[PDB]
Amino acid sequence: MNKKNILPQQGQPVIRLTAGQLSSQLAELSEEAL
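In its PDB record the entry is named "Solution structure of the leader sequence of the patellamide precursor peptide, PatE1-34".

So this is what it looks like as structure tokens:
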């Protein structure tokens, strides 16, 4: 009976983490163009 890594019906942070990891490898090399 644990809910530390087992997310509920939410799964919201599972979508942030996903695109988050990829958007992280780019952050370092943030595109300088505005």
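Still more to cover.
Assigned secondary structure in the protein chain consists of one helix and zero strands. Considered along the principal axes of its C-alpha atoms, the protein chain spans approximately 50 × 15 × 10 Å. Every one of the 34 residues in the protein chain was classed for burial, and the buried ones make up 3%. Counting only carbon and sulfur atoms, one obtains 56% of the accessible surface of the protein chain, whose full area is about 3,800 Å².

Right, let's get into a nonpolar patch on the surface. A surface patch of nonpolar side chains, amounting to about 270 Å² of accessible area, comprises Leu7, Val14 and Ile15. Relative to the helices and strands, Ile15 is located in helix α1 (residues 13-27).

What follows deals with the environment of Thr18. Here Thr18 shows up in helix α1. Spatially, the C-alpha atoms of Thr18 and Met1 are 26 Å apart, while their sequence positions differ by 17 residues.

Turning our attention to the environment of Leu17. You can see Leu17 is positioned in helix α1. Sequence spacing of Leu17 and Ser30 is 13 residues, and the spatial spacing of their C-alpha atoms is 18 Å.

Within the secondary structure, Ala19 sits in helix α1. The spacing of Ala19 and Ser30 is eleven residues in sequence and 15 Å in space, taken between C-alpha atoms.

About the cut-offs
- Sequence-order numbering is used: residues on each chain count from 1 as written, possibly diverging from the entry numbering, and only residues with coordinates are shown.
- As a rule here, side-chain values come from all non-hydrogen atoms in the structure, and water together with hydrogens is ignored.
- Under the DSSP-based scheme used, a helix requires at least four consecutive residues in state H or I and a strand at least two consecutive residues in state E, with every element numbered from the N terminus.
- Think of it in three bands: with a 1.4 Å probe and only protein chains considered, a residue is buried below 20% of the maximum accessible area for its type, exposed above 50%, and partly exposed in between.
- Per-residue and other accessible areas follow the Shrake-Rupley method at a 1.4 Å probe size, with only the shown protein chains counted as cover for residues.
- What makes a patch is a set of residues exposed beyond 30% relative accessible area and free of salt bridges, joined within 9 Å when like-charged and within 5 Å when nonpolar (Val, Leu, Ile, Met, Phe, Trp, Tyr).
- In what follows, salt bridge is the name for a side-chain nitrogen of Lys or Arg lying within 4 Å of a carboxyl oxygen of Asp or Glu.

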